[PDB]
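Let me begin by presenting the structure, written as structure tokens, before commenting on it.
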Amino acid sequence: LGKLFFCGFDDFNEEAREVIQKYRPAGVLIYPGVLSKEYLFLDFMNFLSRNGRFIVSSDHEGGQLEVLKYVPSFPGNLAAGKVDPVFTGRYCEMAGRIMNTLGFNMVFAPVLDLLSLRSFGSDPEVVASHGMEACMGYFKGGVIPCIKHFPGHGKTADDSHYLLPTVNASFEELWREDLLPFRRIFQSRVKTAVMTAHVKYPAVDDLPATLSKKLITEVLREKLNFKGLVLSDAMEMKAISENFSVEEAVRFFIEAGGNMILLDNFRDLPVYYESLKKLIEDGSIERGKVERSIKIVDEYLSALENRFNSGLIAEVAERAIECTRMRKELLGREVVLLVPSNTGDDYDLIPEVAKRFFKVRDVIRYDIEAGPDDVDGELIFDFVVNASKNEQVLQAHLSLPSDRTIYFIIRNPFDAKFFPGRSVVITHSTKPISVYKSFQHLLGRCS
Amino acid sequence: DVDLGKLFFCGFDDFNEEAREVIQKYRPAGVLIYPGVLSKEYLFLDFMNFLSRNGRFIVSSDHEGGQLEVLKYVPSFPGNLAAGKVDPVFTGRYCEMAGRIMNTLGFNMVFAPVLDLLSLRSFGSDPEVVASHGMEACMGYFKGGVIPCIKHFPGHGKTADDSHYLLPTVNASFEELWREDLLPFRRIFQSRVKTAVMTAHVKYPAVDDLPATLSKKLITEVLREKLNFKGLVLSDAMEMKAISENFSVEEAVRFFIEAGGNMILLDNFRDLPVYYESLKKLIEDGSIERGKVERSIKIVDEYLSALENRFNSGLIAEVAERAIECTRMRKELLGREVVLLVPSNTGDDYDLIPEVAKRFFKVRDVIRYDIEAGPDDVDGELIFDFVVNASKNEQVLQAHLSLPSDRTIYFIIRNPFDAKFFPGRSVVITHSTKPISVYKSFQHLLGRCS
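Chains as they are written, first to last, in PDB author numbering: chain A, 5 to 120, 129 to 354, 363 to 467; chain B, 2 to 120, 129 to 354, 363 to 467.
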């Protein structure tokens with residue numbers, strides 16, 4: 005049943021690994037919380053490559069919403085709308101190719117919402141041609157597009173994160189305008205997923221579209237003949253969470269004909285998960301719908317097997333680390349960090373990475389050409405660079421208390437020769453993922 | 002003979018009208034893009050767009066992974082030393098990933114892998138380890154869509170000296186170079202991966218007096234004959250002190266080409282005319298055999314043809330270019346000093370507007386205004402109002418409209434509907450807050466809008 009869930013990860017840690025392993029969500033959305041720390045990102049991809057098949061997605065639309073530094077920044081849908089739609093296709097093929105190479109297999113784009129920066133324009137036809145090119149391009153590049161937000165989010169000024177918005181359009185107006193690019197895309201039979209809008213359409217129905225059996229079954233499934241994968245926008249968003257209970261959102265969305273529940277926080281997965289299981293057991297959710305949902309998800313999952321996973325990098329970092337035997341009991345103490353003064365950016369990043377793994381009492385930035393001034397603490401991490409320049413530098417390093425000092429030889433691994441009888445870790449790299457992996461090793465296999 | 006540009010590979014630390022002039026005048030076959038361009042994405046994209054329109058080029062970077070990383074698009078790698086500690090397959094996978102990304106951006110060569118022995130950028134001391142990881146690297150880059158360029162022949166590892174500072178020396182005998190430093194090079198040459206070879210600006214006294222780059226013994230007797238490499242051979246950058254403080258330009262050119270070299274690498278496109286003219290002189294006074302220049306041109310053309318690619322990230326530049334709209338502008342106002350009114354901070366885009374404007378206009382001041390308030394009144398010889406949400410209320414819109422209509426240009430960079438609220442005003446619409454779009458709006462302003 006984890007298959008009816010798509011979880012956003014704003015961090016990656018033992019809690020995230022636990023949730024994923026216990027509930028087996030089928031979908032993974034990676035937030036800037038992870039992407040902005042490249043070591044976390046890479047290690048997350050490696051983890052996912054080892055724990056089954058996932059749909060792996062981002063919100064990298066281009067233009068206004070950009071979260072992947074790996075994709076060149078793009079003017080956005082509004083500028084694209086002004087231009088020959090082939091260009092939109094080329095942009096999405098480029099973007100998709102890059103994403104796919106990293107390990108992504110889905111993107112939550114294009115936006116088909118009409119303009120009344130993230131929109132292709134006012135003209136429904138323009139939005140149709142650019143949205144089709146975008147879905148095709150993304151797909152050609154190696155990523156499944158997800159069009160959003162059905163039936164059209166464009167005619168409200170209000171934001172679904174803040175309140176439940178309202179679009180007053182008649183159904184005939186939605187059909188003629190807001191729904192037209194969605195319709196052209198389904199009629200052209202380009203492979204896509206669909207995301208729903210947390211928006212109320214009062215001239216049509218009471219429920220937000222995410223929760224509306226009329227909007228999802230009668231309009232999307234039957235009138236629009238879309239039989240593919242349907243996702244909620246993130247359920248925790250206030251448009252839903254402040255007007256319906258978790259149980260109500262689960263029931264309505266699934267009864268409405270929805271397939272995957274999008275959570276913006278993986279930690280919320282247990283509540284929602286259990287909620288789903290409960291609603292199935294007391295019969296408030298038709299089992300046939302959950303089964304049809306699971307089948308659709310299994311189709312996409314089988315269809316998405318990527319040959320590419322940038323987590324290979326994490327792997328290299330992991331396997332290039334060497335350690336002497338480490339005393340387990342010292343690892344719970346507070347650490348003083350001795351870090352080469354500012363390859364320099366790598367050094368600047370060491371404290372942040374260390375803080376994930378150990379309590380830190382302070383950070384001392386030493387001059388590599390002098391070596392560390394004398395210091396003491398419960399546990400000392402000396403991040404050794406250029407230890408052998410002369411005897412005075414080397415003895416600056418060797419004077420530290422052998423009993424509670426760990427030498428991380430992060431540049432020239434030959435400096436390791438100069439530390440007999442000492443606790444020594446060799447990383448063969450100054451890069452954050454290598455430091456990260458060296459902490460893992462220290463707490464893990466080295467003790 | 003209009004093809005002598007094929008014998009040049011030029012580094013670009015900037016992209017500008019001089020760069021287009023040199024490229025169009027000399028037609029160098031090779032383009033190496035430096036951080037001066039790569040760190041300014043609007044520049045990088047506009048350069049790629051320029052390259053797509055001006056013929057076939059070999060386009061390369063120094064993105065090795067590890068210590069030398071210049072492409073933010075490629076995820077960071079621990080580097081060759083860490084890689085050498087691990088199953089070489091992981092090296093092939095990284096280079097395939099990296100190559101796939103590079104090829105998508107529009108690159109078709111990478112100046113990697115380093116096959117120099119360790120005595129961070131090396132796979133290690135053990136020649137066999139270096140050989141297997143180097144082969145994996147070449148195969149990976151190649152699978153990914155980029156032609157590798159192995160370096161630095163015949164091996165740079167056994168010197169403590171740096172070619173940017175002086176001419177280093179490796180004392181190894183040829184029997185030792187053959188057994189060790191050359192083993193990973195030999196491994197690549199015995200495969201069927203297409204590769205280029207870059208020479209080392211290093212002297213091997215037990216073997217020859219000349220830096221390998223300028224050594225007929227090392228490039229013809231060893232590389233062309235003993236090793237049977239018939240592919241593309243490049244110098245390391247000729248301007249480097251190891252060469253330039255010991256040889257004349259004319260000597261560097263003569264020796265390298267007479268040595269069996271094919272492409273001369275310049276680390277500065279602005280050096281292309283001197284070297285270029287030098288080449289021509291040496292060809293006309295017969296100091297360079299025509300047959301060699303011709304074989305060289307043949308080799309470069311074969312490589313060029315091998316690159317038939319569908320990907321160029323310059324399309325982004327193109328989109329940015331075509332989405333710009335402007336009212337007619339008075340050419341005569343454009344040489345004045347500009348006062349910039351920039352939203353206070363998408364936020365990072367606003368921050369970048371001054372840098373971009375400075376390439377195109379003299380800038381007298383930069384004022385950051387509040388979008389919910391609009392600009393305080395100001396005056397200057399030319400005012401650029403970078404308009405965001407002018408329609409919030411009347412007080413904002415009138416903050417914007419108070420500016421002197423005669424010498425204010427309105428850049429409507431978010432909501433293009435604001436354009437309605439500036440009748441009779443000089444107005445430019447970008448449809449984007451992005452640097453490349455702003456860059457293109459300045460170009461259009463100075464170009465087609467006048």
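For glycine and all other residues, C-beta sits at the position ideal for the given N, C-alpha and C.
Distance, residue j Cα to residue i Cα
i: residue 180/B; j: residue 162/B; result: 15 Å
i: residue 28/A; j: residue 312/A; result: 16 Å
i: residue 429/B; j: residue 333/B; result: 10 Å
i: residue 438/A; j: residue 99/A; result: 48 Å
i: residue 249/A; j: residue 130/B; result: 48 Å
i: residue 219/A; j: residue 108/B; result: 50 Å
i: residue 338/A; j: residue 451/B; result: 51 Å
i: residue 39/A; j: residue 73/A; result: 9 Å
i: residue 105/A; j: residue 92/B; result: 15 Å
i: residue 134/A; j: residue 406/B; result: 18 Å
i: residue 326/B; j: residue 66/B; result: 27 Å
i: residue 431/A; j: residue 448/A; result: 6 Å
i: residue 456/A; j: residue 373/A; result: 6 Å
i: residue 305/A; j: residue 243/A; result: 11 Å
i: residue 10/A; j: residue 142/A; result: 27 Å
i: residue 404/B; j: residue 445/A; result: 55 Å
i: residue 371/B; j: residue 422/B; result: 22 Å
i: residue 62/B; j: residue 213/A; result: 53 Å
i: residue 258/B; j: residue 178/B; result: 21 Å
i: residue 289/A; j: residue 31/A; result: 18 Å
Backbone secondary structure at residue i - three-state DSSP
i: residue 445/A; result: strand
i: residue 275/B; result: strand
i: residue 363/A; result: coil
i: residue 426/B; result: strand
i: residue 413/B; result: helix
i: residue 131/B; result: coil
i: residue 205/A; result: strand
i: residue 136/B; result: helix
i: residue 466/B; result: coil
i: residue 344/B; result: coil
i: residue 249/A; result: coil
i: residue 459/B; result: helix
i: residue 382/B; result: strand
Closer than 7 Å: residue i CB and nearest the ligand SAH heavy atom
i: residue 163/B; result: The ligand SAH is absent from the structure shown, which contains no ligand whatsoever.
CB contact check: residue i to chain E, cutoff 8 Å
i: residue 40/A; result: Of the chains in the structure shown, none is chain E; the protein chains are A and B.
Nearest candidate by alpha-carbon position, reference residue i, set the options
i: residue 197/A; options: 138/A, 244/A, 18/A, 167/A; result: 138/A
i: residue 85/A; options: 203/A, 462/A, 114/A; result: 114/A
i: residue 16/A; options: 10/A, 26/A, 41/A; result: 41/A
i: residue 329/B; options: 454/B, 204/B, 50/B; result: 454/B
i: residue 54/B; options: 44/B, 259/B, 157/B, 25/B; result: 25/B
i: residue 102/B; options: 217/B, 90/B, 11/B, 64/B; result: 64/B
i: residue 274/B; options: 142/B, 12/B, 147/B, 414/B; result: 12/B
i: residue 315/A; options: 251/A, 211/A, 57/A; result: 57/A
i: residue 50/A; options: 323/A, 422/A, 335/A, 283/A; result: 323/A
i: residue 331/A; options: 62/B, 90/B, 168/B, 193/B; result: 90/B
i: residue 7/B; options: 309/B, 156/B, 43/B; result: 309/B
i: residue 211/A; options: 204/A, 201/A, 200/A, 227/A; result: 227/A
i: residue 184/A; options: 380/A, 144/A, 216/A; result: 216/A
i: residue 358/B; options: 392/B, 165/B, 251/B; result: Coordinates for residue 358/B are absent; the numbering of chain B skips from 354 straight to 363.
Do the stretch 296-305 of chain B and the stretch 262-274 of chain B touch if we need at least three Cβ pairs shorter than 8 Å? Touching, yes, given that three or more Cβ pairs across the two stretches are closer than 8 Å.
Please determine if the stretch 68-82 of chain B and the stretch 161-176 of chain B are in contact, where contact requires at least 3 C-beta pairs separated by less than 8 Å. Three or more beta-carbon pairs separated by less than 8 Å are not found between the stretch 68-82 of chain B and the stretch 161-176 of chain B, which leaves the two stretches without contact.
In chain order, what residues of the stretch 141-167 of chain B put their CB closer than 8 Å to some CB of chain A? Residues: none.
Check whether the stretch 146-154 of chain B touches the stretch 89-97 of chain B, counting contact only when three or more Cβ pairs, one atom from each stretch, lie closer than 8 Å. In short, these stretches touch, since the Cβ pair count reaches three.
When you check each C-beta in the stretch 310-337 of chain A against every C-beta of chain B, which residues fall closer than 7 Å? The stretch 310-337 of chain A vs chain B, Cβ under 7 Å: 320, 322, 324, 325, 327, 328, 329, 331, 332.
Is it the case that the stretch 266-286 of chain B contacts the stretch 228-242 of chain B, given that we only count it when at least three CB pairs across the two stretches are under 8 Å? By the Cβ criterion, the stretch 228-242 of chain B is in contact with the stretch 266-286 of chain B, since at least three pairs of Cβ atoms, one from each stretch, lie closer than 8 Å.
What are the residues of the stretch 448-463 of chain A that lie near chain B, defined by any Cβ-Cβ distance shorter than 7 Å? Flagged, chain order: 448, 449, 451, 453, 454.
Counting pairs of Cβ atoms below 8 Å between the stretch 395-404 of chain A and the stretch 335-352 of chain A, do you hit three or more? Segments in contact, yes.
Against chain B: residues of the stretch 70-86 of chain A by CB proximity under 7 Å: Contact residues of the stretch 70-86 of chain A toward chain B are 73, 74, 76, 77, 78, 79, 80, 82, 83, 84, 86 (C-beta to C-beta distance below 7 Å).
Closer than 8 Å between beta carbons: that is the criterion. Which residues of the stretch 174-199 of chain A meet it against chain B? Of all residues in the stretch 174-199 of chain A, none has a Cβ within less than 8 Å of some Cβ in chain B.
With 7 Å as the limit, tell me which residues of the stretch 16-39 of chain B have their beta carbon closer than that to any beta carbon of chain A; keep them in chain order. Within the stretch 16-39 of chain B, no residue places its CB atom closer than 7 Å to a CB of chain A.
Note down, in chain order, all residues in the stretch 86-100 of chain B with a beta-carbon under 7 Å from any beta-carbon belonging to chain A. Answer in chain order: 86, 87, 91, 94, 95, 98.
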